[PDB]
Structure formats: structure tokens, C-alpha cells
Amino acid sequence: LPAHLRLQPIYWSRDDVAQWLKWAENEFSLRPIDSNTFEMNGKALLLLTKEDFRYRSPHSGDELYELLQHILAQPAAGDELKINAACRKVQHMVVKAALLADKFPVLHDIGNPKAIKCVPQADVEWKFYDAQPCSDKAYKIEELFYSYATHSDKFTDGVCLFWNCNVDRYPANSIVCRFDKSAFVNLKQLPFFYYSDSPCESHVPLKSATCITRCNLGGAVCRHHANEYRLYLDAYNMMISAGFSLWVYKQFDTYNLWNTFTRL
Ligand SMILES: CC(C)N(CCCNC(=O)Nc1ccc(C(C)(C)C)cc1)C[C@H]1O[C@@H](n2cc(Br)c3c(N)ncnc32)[C@H](O)[C@@H]1O
Ligand SMILES: [Zn+2]
């Protein structure tokens, strides 16, 4: 199963649907169908009726429809290493952006047992906390079990990071990833964005309001950032498809990221 097909079908692109047809043809010895028989993405494919499938593919449509129902009832397991890398990719993107946007002087990293910074180049005082620190890193980790009822009046400077540290309730100045609502009342959902300050380079166009790059100030994303945006979106989809959700302090504002780009 190609990697994209391990995502829930709602995340499948038009090219993913076409690769699904080819996989299904070989796995089930079906009559070859033109790759454009289902010229749509997975969101659209889920809207078709079984009749629609039969009309589009008289020879294999019913089978394809049932295959889709089985995939929907029994999601495929994702790869732990790819999901690890995806989550780390998102973590670095989101925390890097938050620090650039709001210039927090301190980050309180709660639930980090290894004392590894996700954004090592940030100009910020990084502080680590964990209820069970790794013995080889405890010398620089505060042994602490966070509970809102006990600590809501602490860590009010800077920003708190809870990256899969599933506490009872998060304080208002937090960045959160949680694997699957009262825990989140002080926060808002974090919508998808991509931010990059790497140099633009020119050697399918990308149209998207969520590509926060110097070259998208004028709507003409460079090839380099187009590529990096699509790779980042793939990581983000793999993480959301696997059941993680991202939450953030309510003042988080992507226009603060657009303002990092200046006109000289
Ligand atoms: C960050 C990490 C170390 N640990 C991850 C736990 C959750 N794991 C998880 O959600 N993993 C996962 C989810 C889904 C998948 C797939 C296969 C479905 C994709 C795979 C893995 C948590 C770290 O945080 C520390 N911890 C936990 C609590 Br709760 C806590 C606390 N209250 N105060 C301080 N430290 C705390 C703990 O002591 C501990 O250090
Ligand atoms: Zn660019």
C-alpha cells in the first residue's frame, strides 16, 4: 500500500485516487481501467454512490466501492517511524512560528523527558519539566507533574509547550498537540499553516493563503517553497489522519508571521 493510501481516504489527492485504482487492479486481478476513470480527490470519491461506481467502471466499480467501504471500516496502520518524523516536523514548524510571532522570552517545555529543544536556534530561555525525566537528562529537567489545579498560577511568563503531554487542563499561554474538550477551554484550535524564512529559489504552481513565505506576498510561490509546502502538508496530514490535534493560545495570529517579511 503506497504511503498516501494509508491515510484516511478523505485526505487522498486526485493522484492518490489514481494510484489506488492501480493498486486495486493488481491486488484483485481486475480489468485495467483508465487512470482518469475517477478524476477527483478522495473527498469527492466518498460522495459517489455505488451506482456511480458501477457506471464509471462496469467491470470493476462494485468491487472498488466495496474495497473503499472496507478501507473506511478498517483503517490501515500507519508507520510509527514516519509518524514520529511527521510529528517532529510539525512540532518544529509550529513552535518556531510561535516564537517568531510573539517573541516569548521563556518557553516552559512540560512533558519533555529528554531535554531536547524542538527549535534549538530560537533566541529564548528554554526550560524543561517532566514527571519522569530520563535519568541521563534529569540533571537539567525539573521533576514535576503538571496539574492545572496546582500550577495554574505558575509558568505565566513566556509560553508553555505541551507536546503530547496530556494534562487535566492547559494554561492559556500554551502550545499543544494531543492524541485522541474541557482540557482545551483556555485555548483555540490551531489551523493549518506553513511558514518559512529560508531563501527563495526558482530551479505545478501553488495557490494557497496558508503558504506564509516571502514569495507568497505577491502570490507567486517559488519552486523551492512550493516543494517544501507540499512536503509539510503531507507530514501534517499524516499526523491529523492518525488522530492528533493541535491547539494554541488564543492570541496566536498568522499576520504576525507575515510581518516578519520586510520591504528592503
Ligand atoms: C512526550 C512523551 C515522552 N510522552 C508521550 C505520552 C503520550 N504518547 C502518545 O500519545 N503517543 C502516541 C500516540 C499515538 C500513536 C499512533 C501509533 C496512533 C500514531 C503513537 C504514539 C509523555 C511525556 O510526558 C510526561 N508527562 C505525562 C503527563 Br500526563 C505529565 C504531567 N501531568 N506533568 C508532567 N509530565 C507529564 C511523561 O513522563 C512523558 O515523558
Ligand atoms: Zn519562496
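Residue numbers count from 1 along this sequence. Every number for a ligand or one of its atoms is a count from 1 in the order of the listing.
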Open item on the list: Under 6.0 Å between ring centres: does that hold for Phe104 and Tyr249?
Closed with: yes
Open item on the list: Suppose I only count heavy atoms of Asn166 and a 4.0 Å limit; which atoms of ligand 1 are within that range?
Closed with: 29 (Br)
TODO: For the residue pair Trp258 and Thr260, confirm or rule out a side-chain donor-acceptor distance under 3.5 Å.
DONE: no
Open item on the list: Using the rule that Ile, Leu, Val, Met, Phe, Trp and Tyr join whenever any side-chain heavy atoms are under 4.5 Å apart, tell me whether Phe28 and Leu68 fall into a single cluster.
Closed with: yes
Open item on the list: Heavy-atom distances under 4.0 Å decide this one: backbone, side chain, both or neither, for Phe179 against ligand 1?
Closed with: side chain
- [ ] May I ask you to check whether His225 and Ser196 show a side-chain donor-acceptor distance below 3.5 Å?
- [x] yes
Task: Salt bridge flag under 4.0 Å for residues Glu51 and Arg54 - done: no
TODO: Classify the contact between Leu144 and ligand 1 as side chain, backbone, both or neither, using a heavy-atom distance cut-off of under 4.0 Å.
DONE: backbone
Open item on the list: Could you check whether any heavy atom of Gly78 sits closer than 4.0 Å to an atom of ligand 1, since that is the contact criterion I want to use?
Closed with: no
Open item on the list: Under a 4.0 angstrom heavy-atom cut-off, which atoms of ligand 1 come close to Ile83?
Closed with: 19 (C)
Task: Heavy-atom proximity to atom 13 (C) of ligand 1, best of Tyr148, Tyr146, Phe244, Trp163 - done: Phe244
Open item on the list: Need the ligand 1 atom indices (1-based, order shown) with element for anything under 4.0 Å from a heavy-atom of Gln132.
Closed with: 38 (O)
TODO: Name the orientation class of the two ring planes belonging to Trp126 and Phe128 (parallel below 30°, tilted from 30 to 60°, perpendicular beyond 60°).
DONE: tilted
Open item on the list: Checking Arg178 against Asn164: is there a side-chain donor and acceptor pair closer than 3.5 Å?
Closed with: no
Open item on the list: Pairing donors with acceptors under 3.5 angstrom, does anything connect the side chains of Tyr229 and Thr210?
Closed with: yes
Task: Winner among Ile141, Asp168, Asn164, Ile110 once heavy atoms are compared against atom 7 (C) of ligand 1 - done: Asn164
- [ ] Return the set of protein N, O or S atoms whose distance to the Zn ion (ligand 2) is under 2.8 Å, each given as residue and atom.
- [x] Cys200 SG, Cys215 SG, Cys222 SG, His225 ND1
- [ ] Within a distance under 4.0 Å of any heavy atom of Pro113, pick out the atoms of ligand 1 and give their elements.
- [x] 3 (C), 40 (O)
TODO: Would you confirm whether the ring centroid of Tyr236 sits within less than 6.0 angstrom of the ring centroid of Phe192?
DONE: yes
Task: Reference residue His108; test side-chain contact (heavy atoms from CB on, under 4.5 Å); the match among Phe162, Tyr129, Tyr146 - done: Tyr129
Task: Under 4.0 Å to a heavy atom of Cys165 - the qualifying atoms of ligand 1, by number - done: 24 (O), 26 (N), 27 (C), 28 (C), 30 (C), 31 (C), 35 (N), 36 (C)
Open item on the list: Under a 4.0 angstrom heavy-atom cut-off, which atoms of ligand 1 come close to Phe145?
Closed with: 31 (C), 32 (N), 33 (N), 34 (C)
Task: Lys50 NZ: over 12 foreign heavy atoms closer than 6.0 Å - done: yes
TODO: Return the set of residues passing salt bridge (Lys or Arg N to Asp or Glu O under 4.0 Å) with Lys96 (not counting sequence neighbours), or none when no residue passes.
DONE: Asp197
Task: Non-hydrogen atom of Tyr129 closer than 4.0 Å to ligand 1 - done: no
